[PDB]
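> Enclosed are the sequence and the experimentally obtained structure.
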Amino acid sequence: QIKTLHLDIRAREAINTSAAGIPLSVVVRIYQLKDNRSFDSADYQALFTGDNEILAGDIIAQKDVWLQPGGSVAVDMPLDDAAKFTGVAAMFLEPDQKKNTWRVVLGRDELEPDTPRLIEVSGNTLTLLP
Amino acid sequence: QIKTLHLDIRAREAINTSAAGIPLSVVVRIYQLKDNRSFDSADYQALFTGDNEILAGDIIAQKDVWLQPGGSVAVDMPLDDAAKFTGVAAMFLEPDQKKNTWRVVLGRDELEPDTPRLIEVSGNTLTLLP
Amino acid sequence: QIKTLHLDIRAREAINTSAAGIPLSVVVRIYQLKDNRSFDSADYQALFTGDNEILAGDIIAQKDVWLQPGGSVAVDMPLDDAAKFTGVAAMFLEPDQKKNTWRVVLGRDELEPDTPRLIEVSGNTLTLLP
Amino acid sequence: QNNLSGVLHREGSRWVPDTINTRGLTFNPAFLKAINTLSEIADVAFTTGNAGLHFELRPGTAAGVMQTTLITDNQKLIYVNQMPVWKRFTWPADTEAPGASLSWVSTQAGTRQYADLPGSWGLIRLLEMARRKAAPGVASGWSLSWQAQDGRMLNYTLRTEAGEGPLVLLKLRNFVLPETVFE
Amino acid sequence: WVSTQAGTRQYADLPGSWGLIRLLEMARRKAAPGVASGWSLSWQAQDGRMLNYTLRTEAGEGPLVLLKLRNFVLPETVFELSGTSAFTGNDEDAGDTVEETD
C-alpha cells in the first residue's frame, strides 16, 4: 500500500484572521488513527485540550506542524501500517464547530506513496486539492 | 487556461491616510471585464459612482472586498472564461487620478490557477508583486 | 439528456414593491436538487435562513443571481447529471408562503440544452413562460 | 449623601429640594439643571453599576437602496431586501478593536464607505450624524435616517427597553458641570 | 450531550468560581415527590432533546438556596416613621410558591 506519509500544506496570507483582520499564524496537528468514528465525535475543545483517551488511544502518533501566514511546511512522515486514517485538525481563532470546516479525515486509499497530497488553508477553513 | 480566480490582498498600517494621518479602512472592487479599453478610459468618479453602462456591460461580474488597515482578505472567485481582464480598483480619500496609481489591470495570462497573485496596498497606491 | 443549464430571468419595473410602492431589487437563488419533496416541504424561513441540512444535502450546488428592477441576468451553469430538479426561489419583501407563488421546481425534462428557459418576475410572484 | 443631605433629598429619579430648611439658601439653577441630566443618564446607560446597555434594531427600504451598513463591534446585520427581523446588539462589545462603519451598494455604485472610526464608543458618533424622529414601534419607536452623498436615504427602526436606549448619550455634547452651588 | 445523529456539542460552558450557580439557573421546574429534599432539573437543551437529573441535598436546601441572592439589595433605613400599618408576611412563602411550582 502506502509506506511513507507525504503531505504538502499551502497557506495564503489571510488565514486565522482576528476581529481586526490581522493575519495570524496557526498550529496544525497530524494524527495517525486506528478509528475515525471518535475523530468525528469530538468537538473543537475536547480534541485540542481534552483528555479523551479513547480518542488519544486510537491516535497512534501525533505530530504538530507550524506554518507561517503565506507559506508552507513539507511533511515527511514514516507512515504506520495501522494508521488507517490521517487526522488533520487546526486551531483557528474562530473554529466553526457546526459546519465542521476545521477538520478533514484522509483514509488509507487517498494517500500517494511518493507524492504529497495538497492541503490548502484559507480564511479559517481546511481545503483539499486533487 | 485559468479556471479559478485566486487573489491575495496585503495591506500595511498606513493606508488611505487622511489629513490627520489617521489609518483608515478602504473598499476594493474586483471586476471581470470583456474590454480593458473602457476600464482605462473612466476616471475615479464615473467608475465608482457613474452610470457608464458601456463599462458596466463589459463588467461580467463585480465583487467588493473589504479589508482592515494592517490585514488581508483572500479572494476565491470562480473565474469566468470571458473575463479577459481582472479589474482592480480602490477608493482612497486622495485618489491620484493623474498618475493613475489607483487601478491595475490583470490580464488572462498573469493569473495563476492554484496560487493567488499578491496585491499590496500602501499609502494610497496599488502595487503588484512577482 | 441535458448537459448545460441555461436560464434567462426577465424582470419588469414593479418587482418586490414595499409599502411605499418603491421598486426594490431582489435576490434569486438557483438550486440543483436530488430530491424535490424536501424542496416542497420547507417554508420561506427555513429555506433561506434555516439549517435544514436534509434539504441542503439534497442541494448539490447553489448559485445566487442578483437582478436589477427592470433588467435581466443570463444563467450559464454546467448542469450536474444528478440534478433532477432545478430549484428556483426568491426573497421578496412579502413572500406569499400560503399560495406558494415564490418558488418553482423545474425538472429534468423541461430544460433545453442550447436555449434558456424564460422565468419572469413581476410583483412578488414567479412566472414561467413557454 | 455625605455633604448636602438634609437639603438635597432623593425622590425617585430627581431630588427636588423641598423642606423649610432651605430658607436663607438659594440654589444656583445651573446646578439643579445639570444634576437632573446626570441622574437621568444613570437610568439608561449605567444601570448595572458598570458600562453597558442592550438595544435591538431593524432596517428599512428605499429607492435604489438595497443593502446593509451596520457592522458595529463585530456583530454584522445583513439585508438584501429580504423580510425584516429584529436583531439583538450590545454596545460595549468584547473586542480588541472597536469601531463601526457603513456600506452601501447602489444600482449606480458598488460598495462605498460612509463612516470610519477608531473609537471605544463607535456606535454613538454616527448617531450624531443621524436624524432621529418618532415611530410607532412596540413601546418607544424610533425611525432613524442617514443621508449619503448621492441622495438615497436609508431607513432604520429601533426598539429599546424601559428607557429609550443609547440615544440619550447625545446629551453630553455641550455639557460643562457648574462651579458654584450657592449664591 | 451526544445526540443520536450528531457528536458531542456542549450546551454552555461558564468560567469562574461562581459558575455552577450560574448555569443551574435555567431550568427551575424542580419539585419532585421522591427523595426527602426531592428536587429535579430539566435542562432543555437544543432540538428538543431533554436531559433529566434528580437532585438530593443534605442540609436544608443545599446549593439551590444561592439563587435567592438575585436582585437583592440591602435596603434603606431602619426605624422609619413610614410604614406604620402593613401586613406583608407572605412573600417569604409566595416566592418559594412560584419557585417550587414553576
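In hand now; what should we look at? Numbers count the residues shown, from 1 in each chain, chains lettered A, B, ... in the order given.
> Counting neighbours, what do you get for residue E:59?
Counted with other CB atoms under 10 Å in any protein chain shown, the neighbours of residue E:59 add up to 7. Bear in mind the C-beta positions are built from the backbone N, C-alpha and C, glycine included.
> On the three-state scheme, residue A:112 is what?
coil (DSSP: H, G, I helix; E, B strand; the rest coil).
> Tell me where chain D has strands.
Ranges of strands in chain D, per DSSP state E, are D:56-59, D:87-88, D:100-105, D:111-117, D:133-135, D:141-144, D:156-159.
> right, and those strands - which one's nearest residue C:73?
Residue C:73 lies closest, by CB to CB, to one member of the strands of chain D: strand D:100-105, at 15.5 Å.
> Need the strands of chain D in JSON lines (columns: distance to residue B:124 and mean neighbour count).
Compiled in JSON lines, those are given as follows (distance: least, CB to CB, whole Å; neighbours: other CB atoms under 10 Å in any protein chain shown):
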{"stretch": "strand D:56-59", "distance to residue B:124": "32", "mean neighbour count": "18"}
{"stretch": "strand D:87-88", "distance to residue B:124": "35", "mean neighbour count": "12"}
{"stretch": "strand D:100-105", "distance to residue B:124": "19", "mean neighbour count": "20"}
{"stretch": "strand D:111-117", "distance to residue B:124": "14", "mean neighbour count": "18"}
{"stretch": "strand D:133-135", "distance to residue B:124": "38", "mean neighbour count": "11"}
{"stretch": "strand D:141-144", "distance to residue B:124": "32", "mean neighbour count": "17"}
{"stretch": "strand D:156-159", "distance to residue B:124": "32", "mean neighbour count": "19"}
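> For residue E:95, which non-adjacent residue is closest in space?
Nearest residue to residue E:95, sequence neighbours excluded (CB to CB, 6 or more residues apart in numbering or on different chains): residue E:68, at 8.0 Å.
> Quick one: residues contacting the closest residue to residue D:134 other than its chain neighbours.
In this structure, residue D:134 finds its nearest non-sequential neighbour in residue D:141, 6.5 Å apart by CB to CB, 6+ apart. The contact partners of residue D:141, taken as CB atoms under 8 Å, 6 or more residues apart in numbering or on different chains, are D:134-135, D:157-159.
> Relative to chain C, which of those residues is nearest.
Each of the contacts of residue D:141 was checked against chain C using CB to the nearest CB; the closest is residue D:157, at 12.7 Å.
> how about the residues of chain A that lie near chain D?
Counting by CB under 8 Å from any CB of the partner chain, chain A comes close to chain D at A:18-20.
> and the residues you listed, which are buried?
A:18-19 (16 or more other CB atoms under 10 Å in any protein chain shown).
> Could you provide the residues of chain A next to chain D in a markdown table, with additional columns for secondary structure?
Listed next are the residues of chain A next to chain D as a markdown table, based on three-state DSSP:
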| residue | secondary structure |
| --- | --- |
| A:18 | coil |
| A:19 | coil |
| A:20 | coil |
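> and the residues of chain A next to chain D as TSV, adding distance to chain C?
Below are those laid out as TSV (distance: CB to the nearest CB, whole Å):
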residue	distance to chain C
A:18	26
A:19	24
A:20	28
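> and chain B, which of the residues of chain A next to chain D contact it?
Checking these against chain B by CB under 8 Å from any CB, the ones in range are residue A:20.
> now, which of the residues of chain A next to chain D sits nearest residue A:92?
Nearest to residue A:92 among these: residue A:18, at 10.2 Å, using CB to CB.
> so what's the residue of chain E found nearest chain A closest to, chain neighbours aside?
Nearest to chain A, among the residues of chain E, is residue E:7, at 4.1 Å (CB to the nearest CB). Among residues not flanking residue E:7 along the chain, residue A:41 sits closest, at 4.1 Å (CB to CB, 6+ apart).
> Just want to check the distance between that neighbour and residue A:82.
Separation of residue A:41 from residue A:82 (CB to CB, to the nearest Å): 20 Å.
> between these two, who's got more neighbours?
Per other CB under 10 Å, whichever of residue A:41 and residue A:82 has more neighbours is residue A:41, with 17 against 10.
> ok now do the more buried one, which residues does it touch?
Counting by CB under 8 Å, 6+ apart, residue A:41 makes contact with A:55, E:2, E:7-8.
> what does residue E:14 give?
Going by CB under 8 Å, 6+ apart, residue E:14 touches E:22-23.
> which stretches of chain A form helices?
A:44-48, A:53-58 (DSSP state H).
> no no, chain E
E:20-23, E:91-99.
> can you tell me if the shortest one touches chain A.
No - for helix E:20-23, no contact with chain A is found by CB under 8 Å from any CB; the gap never falls below 15.9 Å.
> now that helix, how far from the centre of its chain.
Distance, stretch centre to chain centre, for helix E:20-23: 9 Å (CA atoms, centre = their mean, to the nearest Å).
> Show me what that helix packs onto, helices and strands only.
With contacts taken as 3 or more CB pairs under 8 Å, 6 or more residues apart in numbering or on different chains; DSSP states H and E, helix E:20-23 sits against no other helix or strand.
> And the contacts of it?
So helix E:20-23 is contacted by E:12, E:14, E:16, E:63, E:66-67 (CB under 8 Å, 6+ apart).
> Show the buried residues in the residues you listed.
Looks like the contacts of helix E:20-23 have none buried, using 16+ other CB under 10 Å.
> before we move on, the earlier item: taking the contacts of residue D:141 together, which two end up most distant?
For these, the farthest-apart pair by CB to CB is D:134 and D:159; their separation is 13.5 Å.
> who touches both of these two?
Common neighbours of residue D:134 and residue D:159 (CB under 8 Å, 6+ apart) are D:141-142.
> Just give the number of residues close to the residue nearest to residue E:95.
Should you count by other CB under 10 Å, residue E:68 turns out to have 12 residues around it.
> again with residue D:55
Neighbour tally, residue D:55, other CB under 10 Å: 20.
> show me the residues around residue 96 that make contact.
Picked chain A for this. Residue A:96 sits next to A:102, A:124-125 when contact means CB under 8 Å, 6+ apart.
> Let me rephrase: I mean chain D.
Residue D:96 touches A:18-20, counting by CB under 8 Å, 6+ apart.
> Pipe those into TSV and attach distance to residue E:52 per row.
As requested, those are exported to TSV (distance: CB to CB, whole Å):
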residue	distance to residue E:52
A:18	41
A:19	39
A:20	44
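> all strands for the chain, in order.
In the absence of a named chain, chain A is used. A:4-15, A:26-33, A:59-67, A:73-78, A:85-90, A:103-107, A:117-123, A:125-129.
> sorry, should have said chain E
Here chain E has its strands, by DSSP E, at E:39-41, E:53-55.
> deepest of those, which one?
strand E:39-41 (a mean of 18; mean count of other CB atoms under 10 Å in any protein chain shown).
> Enumerate the residues of chain D near chain A.
In this structure, chain D approaches chain A at residues D:74, D:95-97, judged by CB under 8 Å from any CB.
> Check those residues for burial and list the buried ones.
For those, a burial check counting by 16+ other CB under 10 Å picks out residue D:97.
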